[PDB]
Structure formats: structure tokens, C-alpha cells
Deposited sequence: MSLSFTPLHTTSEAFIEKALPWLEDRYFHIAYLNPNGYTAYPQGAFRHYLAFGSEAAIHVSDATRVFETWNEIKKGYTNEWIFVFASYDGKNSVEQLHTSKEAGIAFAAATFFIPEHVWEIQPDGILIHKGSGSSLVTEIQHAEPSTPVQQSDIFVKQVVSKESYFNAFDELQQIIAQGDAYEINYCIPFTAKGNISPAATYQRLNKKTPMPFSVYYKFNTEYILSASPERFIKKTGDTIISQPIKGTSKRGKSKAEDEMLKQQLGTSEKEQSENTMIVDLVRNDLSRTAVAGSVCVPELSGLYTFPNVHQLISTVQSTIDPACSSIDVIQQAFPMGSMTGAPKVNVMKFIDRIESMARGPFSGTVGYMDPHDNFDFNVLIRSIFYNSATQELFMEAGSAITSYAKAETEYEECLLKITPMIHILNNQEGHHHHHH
């Protein structure tokens, strides 16, 4: 049996106390917050709060992300593993390099076997791991503005956009997700900043994460990949605009390839293409791509072959990842990476790290990016404006 502690406040009120309290006491914290998106297709994130560790690994070499993941999984079978993998983990999937400097000092990937794993429910805390009842009880009874620098000027954006359109016009690609970075220097209170971000823009795959001095404050609306028994799903998001419909199909079809590499033959399908879902703060169109795991492939193989996300790269994927690395101004680092968990039953769930603020308290660095899908239907003025609008919420919360 598991132990359950009844709450005498809302779960929101508990977590408003819990995150800062834990911030002050632990160096490894992962909080996955579905924000009451109860109607999300296949479910939103599990509402997990995991903290402390019996084992933790910080990877700096981006070619060793999946090697390390495999090693720790072998050592900790039938155990909880909380994972961050940077976009540069691409260099562990294909023969690729990252040619530019990153915008923040940050791991290529991190892994921890948590000491405590709680599932937050509306009426209480379900304890999956650890004997932390007394900590729930302890928690129960327990700032300058920052200017954000636009790294890529409008002139530079248009030059890059034109370069990408020429690649497309030559027939060397048909879709490229082009992103631009924003940086700042300063001090923030991360849990407090997460609370401001999350209250303003609550999303189904939100995360607060701390590893040493590295923090991820995410308002991600997007699932990268999930495993439930033998069933794998990935859910690109994208409105009867012909441009959008065409883009969505290009991406869904790329994700089918990625799942196909570790799937039972004939099992890759699309149960829902652009399904309309209505939530309190937003309506969303969501596509669900599904496969059945090939018994000869491990859960890590599934993720590796699908990484980084199709929705954040393009087609053809390998060459487009090369074009991205050449044409973007900085390494993406944690942007377009993933945070998630593997559980003792070999189920897993992982998000897409967009709509996020990345912070390192040791270096006083802040980093964020935004991007959009570039195709033959894109116009520079419009996509530039879209990038700026997409980042504006994050800049707003920091001020």
C-alpha cells in the first residue's frame, strides 16, 4: 500500500508553500503540473513532485546523453528516474555537431533517482516513494526587474529567413523550425517566478525544475512523447488556414517516421488529426500520433530515435538539423529539449521545452527562445512578428 496525506488547503495553496520550502532544502526538484487540463487527449502531465536524490548525474558532453540514460536505467530498474535532455542531445542520436556558443551555462542532460515522489491530488498527497509524510506536515505548517536582450536583429532575422527560403526553393528542405534567442543577466527567485509565469499562462505540460544551480520554469503546452504500457504517443500542436493545415500534416508525417523506427510494423497511426479541445484559458488543435513499441526496442530507444522532436526541427530531419545549426545564432541548449519521468513500470512522459525561462543562479544568466515553422507559405514580416509575440509573455513576467 501507498500512504496518502489529506490536504486542508487547495493543492495550489500547498504547492505555493512547497516549492520555495523545497528550494531552500534540496538541490534536485522536479514539479510537473497539468494545471487542471483534465480533458487533454490521453491526459495532461501526471501531477508529480519529486525531490531529493539517491543518485544524480550531470552530463556536459552532448554526445553522451543516451549512453548515460541507458547506464542509469540499467542500474535502476523498477525505479523512478527524472530526466532533462537538452536539444544538443541530437549529437547523441546522429553524427551532428553544435557549432555555436550556448546562451546559458547548462547541462547537456541531467538524471536523478528521487528520494521522494509525490502525486498531488485535489484533496491530498499520494506518496509513491520515500517516507515523507512528516515533510508534507512541515510544509503545511511552514526582486529587481530584468531587461531582456534580443540577440537576433530584424535585419539578421530576414537574412536567415532568406537563407532558409533559398534552401527550400532549391529543394533541399520543405519545412524548418527557425528559432531566435533572448538573453538576460540578473537574479531571480525561481519558484516565485514560476508561480507568476504559471498563473499568467497555465498550460498542460508546465514544469518547475531545479538541478544544482540550473532551473527550468516552463509553461509548455506540448507533449513530446509518452509510453503507457506498450503504447507510444506523440502530440504535435497547431484554424482552417491552408498554411496551418499543410504545415501540421508535414510535421505529423515526420513524427510518424520517428515512431516507426521503434514500432511494431503496421502499428503507426494517427488516431486524431487536429482535434479541437476547449480548456478554460485556451482552445487548442492537437494531433495524436501513436505506435506500439517493438519488443526488441527499449523505452530509451523509442525516445532516442524520436529525439529531438519533429515539431521543432523539420524535413528532411538530419539535413535540416545541420541547416538549423549553421543558420541559428546560438546553440539551443535547453530550449527545445525535454523534461519528464520514467516510472517503475517502464512508463514515461516527456514535454517540449518551449514557452520556458532557463536560469542559472551561479552565472546569473537567463535564456529563452521562440520560433516558428518556415515553409514556402511563410512571409518574413509575419514570422518575425510571431517570434516576438511568442516570447513577449516570458519577458513580461520577468518585469
task: Take the full deposited sequence, match it to the modelled residues, and report the stretches without C-alphas.
output: 1, 144 to 150, 247 to 265, 427 to 436
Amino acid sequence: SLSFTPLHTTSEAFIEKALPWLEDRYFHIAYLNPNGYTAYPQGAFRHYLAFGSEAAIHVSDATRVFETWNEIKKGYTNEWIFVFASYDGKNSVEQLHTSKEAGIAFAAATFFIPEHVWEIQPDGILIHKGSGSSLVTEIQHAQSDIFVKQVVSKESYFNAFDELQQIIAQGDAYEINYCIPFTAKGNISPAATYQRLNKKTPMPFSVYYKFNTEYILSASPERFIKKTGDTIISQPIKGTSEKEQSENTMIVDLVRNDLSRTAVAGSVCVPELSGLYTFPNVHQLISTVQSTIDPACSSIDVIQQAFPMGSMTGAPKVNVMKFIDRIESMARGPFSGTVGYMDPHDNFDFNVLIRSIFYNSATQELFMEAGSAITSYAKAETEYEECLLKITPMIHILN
From here on, numbers count along this sequence of modelled residues.
- request: Look up the CA B-factors in the entry and say which stretch, 204 to 212 or 146 to 154, has the higher mean.
  value: 146 to 154
task: Would you determine, from the values in the PDB entry, which of 33 to 41 and 47 to 55 has the greater average C-alpha temperature factor?
output: 33 to 41
- line: Note to self: of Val136, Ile233, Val83, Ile303, the C-alpha temperature factor tops out at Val136
Of the residues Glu222, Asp88, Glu328, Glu247, the one carrying the largest Cα B-factor as recorded: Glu247
query: Which third, lowest, middle or highest, does the CA B-factor of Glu119 fall in along this chain?
result: lowest
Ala108, C-alpha B-factor rank within chain (lowest, middle or highest third): lowest
- request: Ordered by C-alpha B-factor within the chain, which third holds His97? Give me lowest, middle or highest, please.
  value: highest
query: With respect to C-alpha B-factor, does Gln364 fall in the lowest, middle or highest third of the chain as deposited?
result: highest
- request: Using the B-factors in the PDB entry, rank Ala191's C-alpha atom against the chain and give the third, lowest, middle or highest.
  value: middle
